[PDB]
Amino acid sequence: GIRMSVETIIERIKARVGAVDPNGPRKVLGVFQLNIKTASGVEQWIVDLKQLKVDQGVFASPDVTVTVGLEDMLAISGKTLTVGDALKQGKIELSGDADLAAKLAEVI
């Protein structure tokens, strides 16, 4: 269902952020607003890769905002849809800093 799917994606993001060494090599420092489009609404999450924290909400002046459908997010996570292909297909909507978005693309 939608709830379980959203929970799955968020758990996965939290485990990825949890696994970062805050003092080790790091390229993606900034705050990402993540908007997950679901059939029932938008799920809004703040992925703070500066502070290495993930909270539900809408951040004021995030560095990058990423808007993506829930099914597309699951497909990216499961590697059945590459980020390159998502981009070609216009499945990812961005605003903000192109530098930080590009760096994020390198590490996903």
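Residue numbers here begin at 1 and follow the sequence given.
Stretches 63-71 and 41-49 differ in mean C-alpha B factor, with the higher average recorded for 41-49.
For the pair 29-37 and 79-87, the record assigns the higher mean C-alpha temperature factor to 79-87. The entry lists a Cα temperature factor for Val20 that places it in the highest third of the chain's modelled residues. In the PDB entry, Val6 places in the middle third of its chain by CA B-factor.
The PDB entry assigns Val107 a C-alpha temperature factor belonging to the highest third of its chain's modelled residues.
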